[PDB]
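Topology and contacts: notes
Spelled out, the chains give:
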Amino acid sequence: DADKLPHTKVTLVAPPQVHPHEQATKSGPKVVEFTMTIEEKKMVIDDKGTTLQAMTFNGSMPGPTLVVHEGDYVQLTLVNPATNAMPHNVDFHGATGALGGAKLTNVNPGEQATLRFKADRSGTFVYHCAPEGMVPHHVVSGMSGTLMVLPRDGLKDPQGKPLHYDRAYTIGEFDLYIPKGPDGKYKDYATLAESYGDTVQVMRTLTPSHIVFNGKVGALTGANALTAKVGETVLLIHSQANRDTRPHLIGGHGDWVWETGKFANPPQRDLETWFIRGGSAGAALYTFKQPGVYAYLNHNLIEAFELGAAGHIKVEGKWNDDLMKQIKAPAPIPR
Amino acid sequence: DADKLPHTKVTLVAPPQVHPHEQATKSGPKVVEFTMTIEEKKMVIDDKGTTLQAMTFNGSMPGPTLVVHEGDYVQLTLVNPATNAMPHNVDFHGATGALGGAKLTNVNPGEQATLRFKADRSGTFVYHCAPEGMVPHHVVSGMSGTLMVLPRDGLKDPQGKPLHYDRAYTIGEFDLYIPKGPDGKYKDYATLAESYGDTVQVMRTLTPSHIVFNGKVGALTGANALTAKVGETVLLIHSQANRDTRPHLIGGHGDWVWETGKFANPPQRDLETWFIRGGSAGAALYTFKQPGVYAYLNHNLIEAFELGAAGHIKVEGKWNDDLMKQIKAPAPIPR
Amino acid sequence: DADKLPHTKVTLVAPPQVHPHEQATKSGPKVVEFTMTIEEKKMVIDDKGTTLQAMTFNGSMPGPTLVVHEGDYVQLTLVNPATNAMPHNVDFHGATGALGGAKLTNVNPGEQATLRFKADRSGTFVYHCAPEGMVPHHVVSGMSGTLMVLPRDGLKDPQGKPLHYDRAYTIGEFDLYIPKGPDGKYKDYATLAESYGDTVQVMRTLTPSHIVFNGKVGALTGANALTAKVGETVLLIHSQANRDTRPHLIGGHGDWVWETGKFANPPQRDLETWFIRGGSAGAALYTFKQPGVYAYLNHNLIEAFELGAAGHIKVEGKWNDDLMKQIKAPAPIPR
Ligand SMILES: [Cu+2]
Ligand SMILES: [Cu+2]
Ligand SMILES: [Cu+2]
Ligand SMILES: [Cu+2]
Ligand SMILES: [Cu+2]
Ligand SMILES: [Cu+2]
Ligand SMILES: [Zn+2]
Ligand SMILES: [Zn+2]
Ligand SMILES: [Zn+2]
Ligand SMILES: [Zn+2]
Ligand SMILES: [Zn+2]
Ligand SMILES: [Zn+2]
């Protein structure tokens, strides 16, 4: 009975980081308490100043990743401040009943609610806003993230051997539908509500104007590139709440991948490219063996390079000539 | 030898139901006899009166689901009445040879044919019309359904333990390509043939005008919502003969899912969203644990909510506070 | 250490064939040496004379398939003749480091380079050109193919039993983005560079003008149909470096399929249709049981029949009435 369990309180952190947590644990079930506050805001999503009338959990796209263990109960307080214009709620794909919790968390501006559900299934699961009659708009405008429910004894390979990560990153990929005016330039709207009708018309074409990681073209590049070192295992959590994508690490692999994101199923190994179904989160482990700057991207290369679905991982360490060697550098053809 | 086996005759039923059948059986192989009659007709596919010049097996989209067991022989009589305008045939993905049977079942209006094939592979398999030179048009206009070939000893989990369903529903998802005229309104055609050229032009854009379950926006809602009770296991068969989709049960899961639809392969568990490849049928089991109205939908939320790929399941029973509880209802933020 | 191993030299062959190789081998690791020469050229890609300003490895779309064994080292000399206009490189998804080798193989016209990497993971892997700032254009214009890394002891089923093929075919599927002018006719460009801007505009719509196997509509039909005989097992390697596809054999199955293309993972059996993620290669085995002309195609039937993603396999042998029989040929309906 959940009423008798110890409670713990977790402080969330901004993507692409994930809050401190244990993998395998000796701890018993707990009611794990989180809070998130909705923020509607205009955001610049590309290098030419295009804006999106966005909606977020906790001010970020994606929302922060919440981590618990199988058998825990998630207890979320959702706050919709009076500075917002629209009603919101939350649908946890990790939860059972009431449209994922959406029916129990309808919050108008100035209201808040607290939901509890049992995280009885391991995996990475999408959570997203789903207000009646406005579900697609809230989702594509930025209201999604990941709940990761770890098995109590940690991740396992197909033979039941232990797997682990040394650091975790969370990437949310957002298909955006920004309208254009008669001049062919993207429209800038004074309010969220005014963006609605024109946006729905673009949505219905099924053609995104932009597809971005973590809220903007280039969000995970330059100073904001992800980082690792040779010998470190990274977990890459990838959520796409509305549309399929196909993650790939250039110069690397998915060493162990749960593309449907559910840890009770055996992972696949050695993937070049994996598949995240729209409406899900998946998870890949990779242990770095070579230093350098990798790209992590959606391998529809138009979606990546033209529309924005690509980031970088900068990796320190020693080059390994057994894995790869330039035998002859570029030079004139003989003779 | 099939000539020496006992024959049985099955009466088909209209989707979303599936005809009575056994799962695990003590019965030996049989020649199972079915009949279907093709009906071309204009159908209203949305809430604003848009029509489709449609083509169906047995008067429905999808066609009815045919159920046999591995080792059985399917013997189909296909009838194309003289009231129809076009030639038709049938291609069973469950069958081996002759383009799935299409080469052996070419029936002009006023003709019929009888095909037998051995159902030697377990799974849910698409069947669809495939007349030479007109294959996409016949498929997207409605001529597909599912053949379910059950293992003789019933469904099995990854460890070989028995699985079962207490009721089965069949959902066919149809990407439609309805043309528009200069005024931006959908065109209404007097005959099937007159719809052809304009439809092909829309098809070639790869952008559906509508994506519907079971022939119409809202087909599986209101009085026609699917039904179950807490403690009942439902099988959800999902066919998409032309285009990918990504099924999801809001507030539920795929407890055991064969997304590629082939029962000799281990199922995956705990899925949030699964993937049906265009040209296939898949199958998910779910045991209800909470009462209420669920949505079953394609989790490209634009495809679901804007274009029509969503239905409802109304579930009776007792609410379970351990699985989910509203701890604090929506109320003003403190203080 | 790779420097101490025996070297071997492989002569590549044009798709859809694959160069002679062993499956299970008693041979130890080797440095396997290949050479490929880049050719930019205009190609006719459909039946109405539409041209593509194309770019190829070794003069073909796809490039040839390179076959080695797990533990081998691939040593490629890449040549970019002075008759070409653009810089190129190569990114092997089978390799670890330096953006798949791309950073180490930048070759301007008149240059060549030699890369070595360890093929330490079994599977079919895409290789493709990836020049900085021009990656999508080089890929969609034709610069991709497959590296197949076989396990040293051959392919295995989920229970570890041996699997084999008697012949192998390689199919590359290419989503093309050919621009149109004001008259609605496809544009013909005098040079590769002049095609660039207009092509990028089409790419950004995400709607291919054509989707072809092996460089052209109908490439694998008529005199160029694939061939087999009843009782022969074929391996069908399918690469798609940019966009998802869903292979299907009409009248057949994927008997054993690695849709993510990685041989250390158990294959699935009895597939009707499988899924190749954009940016990957997959592999299916099928043993023919019926003679006749099969179609092998992308089962988005619009993509196949309208846009070009379909080929034929002509199969010799004896018809098997147990698997399929025309019980009653098309004839007038009674009475
Ligand atoms: Cu919202
Ligand atoms: Cu959802
Ligand atoms: Cu037909
Ligand atoms: Cu088919
Ligand atoms: Cu190139
Ligand atoms: Cu790549
Ligand atoms: Zn308590
Ligand atoms: Zn580690
Ligand atoms: Zn008989
Ligand atoms: Zn039951
Ligand atoms: Zn050497
Ligand atoms: Zn053989």
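Residues numbered from 1 in each chain as written, not as in the entry; some residues may be left out. Chains lettered and ligands numbered in written order. Heavy atoms only, no water. Residues with missing side-chain atoms left out of burial classes, pairs and counts.

Remarks on the sheet that holds strand β17 (residues 254–258) of chain B
Residue and element names in this part refer to chain B.
- Spatially, β13-β12-β15-β19-β17-β18 is the arrangement adopted by the six strands of the open sheet, whose pairing is mixed. The sheet is open, and its two edges are formed by β13 (210–213) and β18 (268–271), each paired on a single side. On average, each strand axis in the sheet is inclined to that of its neighbour by 25°, with strand direction left out of account.
- Pairing geometry for strand β15 (residues 233–240) and strand β19 (residues 280–287), over eight bridges, is antiparallel. (Pairing = 2+ DSSP bridges. Helix = DSSP H or I, 4+ residues; strand = E, 2+ residues; numbered from the N terminus. Axes fitted to C-alpha atoms, helices over the stretch in contact; angles between N-to-C directions.)

Examining the coordination of the copper ion (ligand 2)
- Coordination of the copper ion (ligand 2) by the protein is provided by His93 of chain A (NE2), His128 of chain A (NE2) and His299 of chain B (NE2), with metal-donor distances spanning 2.0 to 2.1 Å. Pair noted here: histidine 93 of chain A is in the loop between β6 (91–92) and β7 (111–118) and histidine 128 of chain A is in strand β8 (residues 123–128), with a separation of 35 residues, a long-range link.
- The exposure class assigned to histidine 128 of chain A is buried, which follows from its relative accessible area of 2%. (Donors = N, O, S within 2.8 Å, 3.2 Å for Na, K, Ca; no water. Buried < 20%, exposed > 50% of the residue type's maximum accessible area, 1.4 Å probe, protein only.)

What to know about helix α2 (residues 196–204) of chain C
- Residues of α2 of chain C that are buried include every one of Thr199, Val200, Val202 and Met203 of chain C, and no others. Buried residues of α2 of chain C, seen end-on, are gathered within an arc of 160° and therefore sit on one face of the element. (Arc of directions from axis to C-beta.)

A word on the relation of the copies chain C and chain B
- Least-squares fitting of chain C to chain B yields an RMSD of 0.0 Å, with the transformation described by 0.0 Å of translation along the axis and a rotation of 120°. Those values place the two copies in the arrangement expected of a three-fold rotation axis. Judged by C-alpha distance, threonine 207 of chain C is the residue of chain C that lies nearest the rotation axis, at 5.2 Å.
- Looking at the interface residues of chain C, only 4% of them are also at the interface in chain B, so each copy uses its own face. (Least-squares fit on C-alpha atoms. Contact = heavy atoms within 4.5 Å.)

Let's talk about the pairing of strand β2 (residues 31–44) of chain C
All names here are of chain C.
- Inspection of the sheet shows strand β1 (residues 7–9) paired to β2 by three bridges, in the parallel sense. Bridging across to β2, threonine 8 finds its partner in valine 32.
- Of the pairings in the sheet, the one linking β2 to strand β5 (residues 73–80) comprises seven bridges and is parallel in character. Pairing of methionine 36 across the sheet is with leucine 78, part of β5.
- As judged from the seven bridges shared by β2 and strand β3 (residues 51–57), these two strands associate in the antiparallel manner. Residue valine 44 lies in a different strand from β3, and its bridge partner there is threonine 51.
- As consecutive antiparallel partners, β2 and β3 are separated by six residues, and within that stretch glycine 49 has a phi angle of approximately 90°, a positive value.

Some thoughts on the coordination of the zinc ion (ligand 10)
- Around the zinc ion (ligand 10), the protein supplies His164 of chain B (NE2), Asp166 of chain B (OD) and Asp166 of chain B (OD) as donor atoms, at distances of 1.9 to 2.6 Å.
- The class for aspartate 166 of chain B is partly exposed, based on a relative accessible area of 42%.

Concerning the interface of chain C and chain B
- Taken residue by residue, the interface counts 49 residues in chain C and 57 residues in chain B.
- Going through the elements one at a time, β18 (268–271), β20 (292–298), α3 (301–306) and β22 (324–332) of chain C are the ones with two or more residues in the side of chain C that touches chain B.
- It is β22 of chain C that contributes the most residues to the side of chain C that touches chain B, nine residues altogether.
- Here the side of chain C that touches chain B is built from residues that sort into 24 nonpolar, 11 polar and 14 charged.
- Pairing analysis gives six bridges linking strand β7 (residues 111–118) of chain B to β22 of chain C, with the strands arranged antiparallel. (Nonpolar A, V, L, I, M, F, W, Y, C, P; charged D, E, K, R; others polar.)

Section: the relation of the copies chain A and chain B
- Of the two same-sequence chains, chain A is brought onto chain B (RMSD 0.0 Å, axial shift 0.0 Å) by a rotation of 120°.
- A distinct binding surface is used by each copy, with only 4% of the interface residues of chain A retained as interface residues in chain B.

Thoughts on the interface of chain A and chain B
- Between chain A and chain B, the residue contacts involve 57 residues of the former and 49 residues of the latter.
- Counting only elements with at least two residues in the side of chain A that touches chain B, the list comes to β5 (73–80), β7, β8, α1 (135–140), α2 (196–204) and β19 (280–287) of chain A.
- It is β7 of chain A that provides the largest number of residues to the side of chain A that touches chain B, a total of eight residues.
- The residue makeup of the side of chain A that touches chain B, split by class, is 25 nonpolar, 21 polar and 11 charged.

Considering the UniProt feature "binding site: Zn(2+) 8" (unreviewed entry) in chain A
- Sequence positions flagged by UniProt for "binding site: Zn(2+) 8" (unreviewed entry) are, in local numbering, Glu306 of chain A.
- Structurally, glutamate 306 of chain A can be placed in helix α3 (residues 301–306).
- With sequence-adjacent residues up to four places away left out, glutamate 306 of chain A is seen in contact with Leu301 of chain A together with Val200 and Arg204 of chain C. (UniProt positions renumbered as here; feature names shortened; annotations may be inferred.)

Describing the UniProt feature "binding site: Zn(2+) 6" (unreviewed entry) in chain A
Residue and element names in this part refer to chain A.
- UniProt's entry tags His164 and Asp166 with the feature "binding site: Zn(2+) 6" (unreviewed entry), counted in the numbering of this structure.
- Of note, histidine 164 is situated in the loop between β11 (162–163) and β12 (167–176).
- Sequence-distant contacts of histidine 164, that is, excluding residues within four places in its chain, are made with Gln23, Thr233 and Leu285.
- Polar contacts involving the side chain of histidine 164 include one to the side chain of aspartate 166, which spans 3.2 Å.
- Residue position: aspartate 166 is located in the loop between β11 and β12. (Polar contact = N/O pair within 3.5 Å; in protein donor to acceptor, adjacent residues only side chain to side chain.)

Here we look at the pattern of salt bridges
Residue and element names in this part refer to chain A.
- On inspection of all chains with the given rule, the structure shows 63 salt bridges over all chains.
- Close ionic contact of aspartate 153 with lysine 156 constitutes a salt bridge, the shortest N to O distance being 2.9 Å.
- The class of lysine 156 is partly exposed, set by a relative accessible area of 27%.
- Measuring nitrogen to oxygen at the nearest pair gives 2.6 Å for the salt bridge that ties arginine 243 to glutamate 303. With a gap of 60 residues between them, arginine 243 in the loop between β15 (233–240) and β16 (247–249) and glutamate 303 in helix α3 connect regions that are remote in the sequence. (Salt bridge = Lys/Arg side-chain N within 4 Å of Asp/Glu carboxyl O.)

Quick notes on the sheet that holds strand β4 (residues 66–69) of chain C
Residue and element names in this part refer to chain C.
- Spatially, four strands are ordered β4-β9-β8-β6 in an open sheet, and the strand pairing comes out mixed. Either end of the sheet is taken by a strand with one partner, and the two such strands are β4 and β6 (91–92).
- Two elements, strand β8 (residues 123–128) and strand β9 (residues 144–150), share six bridges in a ladder whose sense is antiparallel. Residue pairing across strands places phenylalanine 125 opposite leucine 147, the latter belonging to β9.

Points about the domain arrangement of chain A
Residue and element names in this part refer to chain A.
- Taken domain by domain, chain A comprises domain 1 (1–151) and domain 2 (152–318).
- When each unit is reduced to the centre of its C-alpha atoms, the spacing between domain 1 and domain 2 is 19 Å.
- With both chains or domains summed, domain 1 and domain 2 bury close to 4,100 Å², and 64% of this area falls on carbon and sulfur atoms.
- Between domain 1 and domain 2 we count two salt bridges in total. (Domains from an automatic or database assignment. Buried area = accessible area lost by both parts, 1.4 Å probe.)

Description of the packing of aromatic side chains
Residues and elements named next belong to chain C.
- Applying the stated criterion across every chain, the model contains 24 aromatic pairs over all chains.
- Between the aromatic rings of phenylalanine 57 and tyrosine 127, the centroid separation amounts to 5.2 Å while the plane-to-plane angle is 75°, which identifies the pairing as edge-to-face. One end of the pair, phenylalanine 57, is in strand β3; the other, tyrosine 127, is in strand β8, with 70 residues separating them in the sequence. You'll find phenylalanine 57 and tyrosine 127 in the same group, each marked buried. (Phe/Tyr/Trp six-rings, centres within 6.5 Å; stacked < 30°, edge-to-face > 60°.)

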